[PDB]
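> Sequence below, structure please.
(5 chains, ligands or ions: 12)
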Amino acid sequence: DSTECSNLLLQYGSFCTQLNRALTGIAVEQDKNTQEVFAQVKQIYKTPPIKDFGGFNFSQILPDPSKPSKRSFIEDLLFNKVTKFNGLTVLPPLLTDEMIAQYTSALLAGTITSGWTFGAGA
Amino acid sequence: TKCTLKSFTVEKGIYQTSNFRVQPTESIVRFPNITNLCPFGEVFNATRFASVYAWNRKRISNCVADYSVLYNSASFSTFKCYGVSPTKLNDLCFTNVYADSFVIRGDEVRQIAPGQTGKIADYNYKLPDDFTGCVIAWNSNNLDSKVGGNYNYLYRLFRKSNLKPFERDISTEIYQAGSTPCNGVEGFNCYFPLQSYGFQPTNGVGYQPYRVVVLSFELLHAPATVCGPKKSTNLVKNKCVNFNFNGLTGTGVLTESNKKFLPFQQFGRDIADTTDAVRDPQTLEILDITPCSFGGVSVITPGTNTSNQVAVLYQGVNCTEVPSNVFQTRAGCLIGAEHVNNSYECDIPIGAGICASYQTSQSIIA
Amino acid sequence: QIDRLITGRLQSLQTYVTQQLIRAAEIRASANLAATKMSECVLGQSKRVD
Amino acid sequence: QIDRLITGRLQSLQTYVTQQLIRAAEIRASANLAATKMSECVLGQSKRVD
Amino acid sequence: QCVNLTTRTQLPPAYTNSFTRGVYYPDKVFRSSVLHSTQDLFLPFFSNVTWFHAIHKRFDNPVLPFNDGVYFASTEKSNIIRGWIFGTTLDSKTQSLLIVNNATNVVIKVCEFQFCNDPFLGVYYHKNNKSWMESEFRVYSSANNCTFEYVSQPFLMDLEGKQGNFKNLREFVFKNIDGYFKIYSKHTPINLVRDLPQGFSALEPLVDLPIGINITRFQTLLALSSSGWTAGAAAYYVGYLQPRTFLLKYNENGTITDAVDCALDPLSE
Ligand SMILES: *[C@@H]1O[C@H](CO)[C@@H](O[C@@H]2O[C@H](CO)[C@@H](O[C@@H]3O[C@H](CO)[C@@H](O)[C@H](O)[C@@H]3O)[C@H](O)[C@H]2NC(C)=O)[C@H](O)[C@H]1NC(C)=O
Ligand SMILES: *[C@@H]1O[C@H](CO)[C@@H](O[C@@H]2O[C@H](CO)[C@@H](O)[C@H](O)[C@H]2NC(C)=O)[C@H](O)[C@H]1NC(C)=O
Ligand SMILES: *[C@@H]1O[C@H](CO)[C@@H](O[C@@H]2O[C@H](CO)[C@@H](O)[C@H](O)[C@H]2NC(C)=O)[C@H](O)[C@H]1NC(C)=O
Ligand SMILES: *[C@@H]1O[C@H](CO)[C@@H](O[C@@H]2O[C@H](CO)[C@@H](O)[C@H](O)[C@H]2NC(C)=O)[C@H](O)[C@H]1NC(C)=O
Ligand SMILES: *[C@@H]1O[C@H](CO)[C@@H](O)[C@H](O)[C@H]1NC(C)=O
Ligand SMILES: *[C@@H]1O[C@H](CO)[C@@H](O)[C@H](O)[C@H]1NC(C)=O
Ligand SMILES: *[C@@H]1O[C@H](CO)[C@@H](O)[C@H](O)[C@H]1NC(C)=O
Ligand SMILES: *[C@@H]1O[C@H](CO)[C@@H](O)[C@H](O)[C@H]1NC(C)=O
Ligand SMILES: *[C@@H]1O[C@H](CO)[C@@H](O)[C@H](O)[C@H]1NC(C)=O
Ligand SMILES: *[C@@H]1O[C@H](CO)[C@@H](O)[C@H](O)[C@H]1NC(C)=O
Ligand SMILES: *[C@@H]1O[C@H](CO)[C@@H](O)[C@H](O)[C@H]1NC(C)=O
Ligand SMILES: *[C@@H]1O[C@H](CO)[C@@H](O)[C@H](O)[C@H]1NC(C)=O
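Residues are numbered from 1 along each chain as shown, chains lettered A, B, ... in the order given. Ligands and ions are numbered 1, 2, ... in the order given. Coordinates below:
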């Protein structure tokens, strides 16, 4: 909120634009990495209602419909253990926690019901 | 977007063209109450006044001199200042002010000025060349005069040498006119230099009594004790305005706060040393100062070869502070896109799980 | 004085941007490693030791 | 004149710290590669070519 | 008046330790749940302070230096410790600060007072009324120049009391920064006999007197023809301030709870 300061700053050059471009590239590559890590299959798989997985009990890593969020018990434990000023703007990520949980559940259901064939093809 | 990308063929995507910021609307300035102005309410209209050779020197204590009540008062005869403008008196501070009040004849008022010389201005009271202050005189013939002439107003007339500025004489020895040493009695070469003027209610201009005061403005290595009356405007509850709470400065939107301060704390700061809460000095209420809405203006638009309709996104800005459907998202206010309840593949990433696309009668959807 | 303040704050911003770029490079390396581990261990059976 | 020296030496220290951070990132990548090669060639047998 | 008391018992100057005292608010800034680091004149933790204890006999109140501020604490009972003296020469040649708190009001005046050898305040006892009444004001004798004057509101406090141990604690901090004579104060109920309490208590500002004079030494004023008297059992402490860094912890309501001296021990560092 100054006038003469901006007039004296505009004479330095393209430092403003360079820093803005660097921060924008960082913000874009963050979402790029988030998509490259989780979003690997373009098909959201769902586990069947029967939990007869050969004796194994995947009732602590799969989503629970009774909870308001679609995260599992371990995911809730992980989220619980971790807790617009003058020129500071925090941009929200593209893929929210709900979409990340959906991708994780899809990968888990694929690994359970298809082994490794869901990655190489159908 | 065309000027930012420096081209005429804008491709499909979201581009950050410019930035948005809510400009302030007012410049409110507040200060505590102005109570206990100064002893000027009684030092000017007092009953008795000292003589010209024994003028009093009342030191002004810690009080804000209200010069507006004196300059705008038409009851006074003359109002002149030296070294400082009368209008800027209420906007400055001083360390010590001495008010010298006395009774002088109407014709001798002209000689009471810096740089003057004569009989009264050199043997009773003298002002320096660099005197900085004001002079105030007013007519008092309606109450200081009496039938038959008054003789209680003594004055010194003859002296052996000139007096220094801001000097008061106490000794009242007789004046020596000749070379013969005076033995304390009058004679051909020894006369009493102290006399008394006569003020009558039937005397015209030049013989009427005029009460003149001398205000001395001096500053040295000491904290200021007398300043001007600081004004206070009316505050606004919720509006992006400029604030000045007793020397502070900034721009933000105020709001009712719940932080219970301490009786001696004035303004609060959060982590990283930033002022986030101040106290109104008048009503003694606590109100936070959040920064005004600001963000980036992103223009969501498809390829130029497809269409020219665009969509504006204000990142981190509420839709109420923006001022053709207006839809509010968790990433910012989006103007120019129709929000649908269906789900499609993300074409133009916006943020917070929302994307835009140019589909179906035909407009940008979110 | 305004020029001195502008120079100091611009140097601070440049230092912050450099630190953020280095940290973002580290985070990108970690994310590439995590994506590789995902694609190998989760979507298959990696014979790579440790 | 002392302020000029302070500014120059501060710029020199900033440049040195930036170069050291970049070299430390390079050496961290090299050390991660070395640890991976250790775990995959010494503690086992890797079928990865070259 | 001007009386040179001589009937006093000679005792060596006692010493004690101030564990955690002199922690005052460096500014008027509110802070909630944040450990702020400030660098100003504070009292060093676990420092050697001088102890003046009046016995019965023992009425020690000499001229003490005043450099970079002085922390004044007095475990007082029956309203003995009333006022203080401030100045640079104390011989009516230069300006000096006078602070007196008698049974009516806290009178503060800045003139060129002429202080005598042993200035004090005398209070009668059991004058056919069963009530302590003050009748002596032997502090100064003249005042030619004056620059500031303050007369607080009149009030009535008790002047009697006889307990086996002290009940009130009065801590003060006096500084002179750019002519402003800052005054901090805090009171807390204690139950001790001859020891300084071992606890933490924040010191809040009370008044700022812009005297604009340079103070070099100070002196206290205790409560009581020229010989023969009985002084009340009371003691006061004096501690000098030094420029040291302290880490202050503010609670949710904006009050200091504990402090750490930055240069006291490796753990504190
Ligand atoms: C797969 O693992 C989950 C998680 O351990 C198992 O759920 C847990 O089952 C036990 C055994 O019944 C529950 O303990 C008891 O449950 C009864 C209700 O049946 C409750 O009244 C008792 O107070 C006690 O808690 C446990 O609560 C339950 N935990 C959860 C989070 O549901 C599940 O049974 C396992 N599946 C199989 C097939 O073993
Ligand atoms: C400054 O003056 C205002 C009024 O001009 C005072 O506000 C009043 O305060 C009294 C006491 O609490 C209330 O009973 C009135 O209702 C208030 N009036 C208004 C219009 O607000 C204010 O208290 C004064 N402040 C100081 C520090 O003296
Ligand atoms: C109390 O003692 C002081 C100090 O001895 C006395 O002050 C002296 O007074 C004499 C006579 O006026 C002077 O010649 C000395 O120069 C003074 N000394 C100092 C250090 O000031 C004072 O007079 C004594 N008061 C009484 C009542 O006996
Ligand atoms: C405490 O001190 C104050 C001021 O030194 C005394 O107030 C004076 O009292 C006398 C006697 O009534 C008056 O003539 C003065 O005008 C008062 N001065 C002021 C400034 O008000 C007060 O009497 C003292 N109280 C006691 C108990 O000694
Ligand atoms: C005396 O003068 C002051 C200003 O100089 C004024 O405020 C006050 O009202 C006057 N007194 C009377 C009784 O008019
Ligand atoms: C925008 O302002 C409205 C009105 O105060 C409020 O209800 C809404 O929650 C605000 N939106 C955000 C994102 O803060
Ligand atoms: C989406 O659903 C909400 C909730 O009923 C409704 O108000 C809104 O009109 C719907 N929008 C569309 C485009 O169908
Ligand atoms: C304080 O200093 C005195 C004087 O040497 C000494 O006798 C005493 O033991 C010291 N006290 C502490 C706690 O250091
Ligand atoms: C006792 O109190 C009364 C009333 O104030 C007073 O007149 C009298 O002088 C006091 N006694 C003495 C000895 O002063
Ligand atoms: C009192 O103050 C005046 C003006 O500051 C000065 O001229 C005078 O010498 C002072 N008196 C004494 C005794 O110092
Ligand atoms: C300031 O303090 C010094 C002592 O350091 C003293 O001699 C002097 O009189 C004081 N006042 C002024 C105006 O220097
Ligand atoms: C702050 O004040 C409130 C209200 O007086 C009180 O309930 C609360 O306990 C206080 N906080 C602390 C930490 O004591």
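> tally of neighbours for the closest residue to chain C within the stretch 101-250 of chain E?
As assessed by CB to the nearest CB, chain C sits closest to residue E:178 within the stretch 101-250 of chain E, at 22.4 Å. Just so you know, the C-beta spots here come from the backbone N, C-alpha and C atoms, and that holds for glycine as well. For residue E:178, the neighbour count with other CB atoms under 10 Å in any protein chain shown is 8.
> and what of residue B:106?
The tally of other residues near residue B:106 (other CB under 10 Å) stands at 20.
> Residue E:211 too?
Neighbours around residue E:211, by other CB under 10 Å: 21.
> Over to the closest residue to it other than its chain neighbours: give its phi and psi.
Of all residues not flanking residue E:211 in the chain, residue E:181 sits nearest, at 4.9 Å (CB to CB, 6 or more residues apart in numbering or on different chains). Note on residue E:181: backbone dihedrals following degrees, to the nearest 10 are phi -90, psi 90.
> ok, residue E:181 touching residue E:174?
Yes. With contact defined as CB atoms under 8 Å, residue E:181 reaches residue E:174; the gap is 6.9 Å.
> quick one: common contacting residues for these two?
Common contact partners of residue E:181 and residue E:174 (CB atoms under 8 Å, 6 or more residues apart in numbering or on different chains): residue E:86.
> outside of stretch B:152-161, which residues touch it?
If you take CB under 8 Å, 6+ apart as the criterion, stretch B:152-161 is touched by B:51-53, B:103, B:119-120, B:122-124, B:169, B:172, B:175-176, B:191, B:193-197, B:199, B:209.
> repeat that with 6 Å
Outside stretch B:152-161, the residues within contact range by CB atoms under 6 Å, 6 or more residues apart in numbering or on different chains are B:51-53, B:103, B:123-124, B:175, B:193-197.
> For those residues, give me TSV that also has distance to ligand 2, neighbour count and secondary structure.
Compiled in TSV, those are given as follows (distance: CB to the nearest ligand atom, whole Å; neighbours: other CB atoms under 10 Å in any protein chain shown; DSSP: H, G, I helix; E, B strand; the rest coil):
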residue	distance to ligand 2	neighbour count	secondary structure
B:51	41	18	coil
B:52	42	23	coil
B:53	44	22	coil
B:103	39	23	strand
B:123	49	21	helix
B:124	44	24	coil
B:175	56	16	strand
B:193	53	18	coil
B:194	50	14	strand
B:195	52	13	strand
B:196	49	13	strand
B:197	47	18	coil
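> Save the residues you listed as TSV, and put in distance to ligand 8 too.
Shown next, in TSV, are the contacts of stretch B:152-161 (distance: CB to the nearest ligand atom, whole Å):
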residue	distance to ligand 8
B:51	64
B:52	64
B:53	63
B:103	67
B:123	66
B:124	64
B:175	69
B:193	69
B:194	68
B:195	73
B:196	72
B:197	74
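> how about JSON lines for these, with distance to residue E:54 added?
Shown next, in JSON lines, are the contacts of stretch B:152-161 (distance: CB to CB, whole Å):
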{"residue": "B:51", "distance to residue E:54": "54"}
{"residue": "B:52", "distance to residue E:54": "56"}
{"residue": "B:53", "distance to residue E:54": "54"}
{"residue": "B:103", "distance to residue E:54": "57"}
{"residue": "B:123", "distance to residue E:54": "60"}
{"residue": "B:124", "distance to residue E:54": "57"}
{"residue": "B:175", "distance to residue E:54": "62"}
{"residue": "B:193", "distance to residue E:54": "61"}
{"residue": "B:194", "distance to residue E:54": "58"}
{"residue": "B:195", "distance to residue E:54": "63"}
{"residue": "B:196", "distance to residue E:54": "61"}
{"residue": "B:197", "distance to residue E:54": "64"}
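> Quickly find the element holding residue 27.
All of this refers to chain A. helix A:15-38 (DSSP states H and E).
> Now that helix - C-alpha only, CSV.
The C-alpha trace of helix A:15-38 is given here as CSV (Å, rounded to 0.1, in the frame of the first residue of the first chain):
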residue,chain,number,x,y,z
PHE,A,15,12.6,-9.5,-10.8
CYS,A,16,8.9,-9.4,-9.9
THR,A,17,7.9,-11.4,-13.0
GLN,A,18,10.8,-13.8,-12.5
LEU,A,19,9.9,-14.6,-8.9
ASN,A,20,6.2,-14.9,-9.8
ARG,A,21,7.1,-17.4,-12.6
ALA,A,22,9.3,-19.4,-10.2
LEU,A,23,6.5,-19.6,-7.6
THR,A,24,4.0,-20.6,-10.3
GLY,A,25,6.2,-23.3,-11.6
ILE,A,26,6.7,-24.6,-8.1
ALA,A,27,2.9,-24.6,-7.5
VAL,A,28,2.3,-26.4,-10.8
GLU,A,29,5.0,-29.1,-10.2
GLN,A,30,3.6,-29.8,-6.8
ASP,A,31,0.3,-30.9,-8.3
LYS,A,32,2.2,-32.6,-11.1
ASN,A,33,4.0,-34.7,-8.5
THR,A,34,0.8,-35.4,-6.5
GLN,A,35,-0.8,-36.7,-9.7
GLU,A,36,2.2,-38.8,-10.7
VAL,A,37,2.4,-40.5,-7.3
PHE,A,38,-1.2,-41.4,-6.7
